[PDB]
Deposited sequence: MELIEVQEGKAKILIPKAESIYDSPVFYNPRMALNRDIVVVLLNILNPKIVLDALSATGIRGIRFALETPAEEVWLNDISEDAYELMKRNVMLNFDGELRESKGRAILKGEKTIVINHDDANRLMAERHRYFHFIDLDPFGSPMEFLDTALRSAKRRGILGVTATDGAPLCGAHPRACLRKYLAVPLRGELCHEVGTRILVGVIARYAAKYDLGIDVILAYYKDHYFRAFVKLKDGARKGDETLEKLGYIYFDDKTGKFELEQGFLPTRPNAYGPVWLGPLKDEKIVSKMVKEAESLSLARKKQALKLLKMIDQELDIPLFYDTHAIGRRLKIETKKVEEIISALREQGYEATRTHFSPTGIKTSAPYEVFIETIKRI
C-alpha cells in the first residue's frame, strides 16, 4: 500500500490484479470534473463507483460541494475509501452497517453497496452524479436519472470504445441501442451515441437534457448533461436526435433529424444537438487556469481546443478523405486558413488530429484540400 497525491488529495493505493482500482491517467478526467463543479456549484454530489475514493475526495477538497457521497460495492474499496477520507480530513468517522459519515465543514458519506441500490434509495436527491465505471455505464444510467434532481447534472463516462467506435457493432446495439459508425468519425459518433442514449432514457421521466460538455479523450467518452424538467422539455430533446449517412467511397456524410431514419444505411440514433455549452466551457478554461490541478497542462490543452472548436455535427478528416478519394491533400493549417478566407467557419477538432470542422459544403472542402 503506497501513498500518492492527485490535486489537493493524498490517497493510499495498493501495490501490484490490484484489490482496489486506481488509474493515474484518469487524473485529467477528474480535473475536468473539478473545474466544472467550480462553475456549476452543485451542493449534494455522488461519486457512484469511487474505488479508492479519489474522485469524491477531490470533490470535497477542490469544489463547493457541501455533501459528498462515496460509494463502491467492493469491501476492499470501501475500507480504503474510509482510510483515504480520514487521510484528508480530521474528525471521527461514525460507522454503522457499511455506511460511514463525517459531519465537518463538508459532510462526507461513505457507502458500501450496489450503486443501483444506493441511487434508488436517494430518489431525486443529488444535484450532481458522476458515473465512472470500468467499461459501460448503461447498467446504472436509468437509476441515476431517477436519483438526480429533475434539474440535476449527470456526469457520464464510457470506457468501452470498441462498441461505441464500431468495432463491436452487436454489443453497441445491445448496450446503446444505436448502430455505430466505424472510421475517422467514430470518436464523435460514439460521443453523440452516448449523449443520445442518455436523452432517450431520460424522456420517460418527462425530462429533457442540455449538453454542458461532451468530449472524447484517450479511448473514453465523457458526457456532462443538465436535466430539464418537463414533458415539453423531453419532447424538444428527442427532436434533437437524428441519424447519419456515410458514403465510404468519399467520406461525405449526410444528416437526418428525426426520431427515426427514412433511408437505408443509417447510423444512430445520435444526438445531433450541441456537444457543449459555449459560455460554460469558456468559463472552464479560465477556471482551470486559476486552479491547481493534477494534470494542469493537459487539462488546459484539452479545454482550450474544445473551447475554440466549432460546435457542429461531425467533421471532415483530411487524411481519411484523402485515402477514400485517392487524392493528395494540403496540410490542416493551410486548409483552415483557405476555408476562412472564403467566408466559412473552420477549426481543428479534439476528436481527431487531422479533422476539420467547418460550415463549408463537402464539395467546397474537397476543392480546397486538393493539392
Could you name the stretches of the deposited sequence that have no C-alpha atoms in this structure?
1-2, 19-22, 378
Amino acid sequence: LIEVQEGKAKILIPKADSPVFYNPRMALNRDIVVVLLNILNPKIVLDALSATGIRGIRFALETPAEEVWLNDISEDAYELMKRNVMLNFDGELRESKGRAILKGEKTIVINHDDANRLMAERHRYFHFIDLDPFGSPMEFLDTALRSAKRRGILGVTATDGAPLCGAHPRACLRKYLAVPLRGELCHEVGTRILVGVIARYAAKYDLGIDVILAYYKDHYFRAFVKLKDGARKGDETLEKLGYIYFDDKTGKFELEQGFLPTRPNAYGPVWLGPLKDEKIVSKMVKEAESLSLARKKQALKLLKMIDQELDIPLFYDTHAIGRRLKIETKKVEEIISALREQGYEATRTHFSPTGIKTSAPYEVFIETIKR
From here on, numbers count along this sequence of modelled residues.
Does at least a third of the other compared PDB entries (those resolving both flanking residues) leave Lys326 without coordinates?
yes
Can you check if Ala16 is missing its coordinates in at least one third of the other PDB entries compared, counting only those that model the residues either side of it?
yes
Averaging only over Cα atoms, indicate whether 58-66 or 325-333 has the higher B-factor in the PDB entry.
325-333
The stretch whose C-alpha atoms carry the larger average B-factor in the entry, 141-149 or 278-286, is 278-286
Of the choices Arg222, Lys226, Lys240, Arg295, which one's C-alpha carries the largest B-factor in the record?
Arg295
The residue of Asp210, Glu184, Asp72, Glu95 with the maximal C-alpha B-factor according to the PDB record is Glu95
Consider only the C-alpha atoms of the modelled residues in this chain, order them by B-factor as the entry records it, and name the third containing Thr358: lowest, middle or highest.
lowest
Test of reading the entry: by CA B factor among the chain's modelled residues, which third contains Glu254?
middle
Mind checking which third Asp113 falls in for C-alpha B-factor across the chain?
middle
Sorting the chain's CA B-factors, does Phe134 end up in the lowest, middle or highest third?
highest
Quick check for you: using the entry's CA B-factors within this chain, is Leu310 in the lowest, middle or highest third?
middle
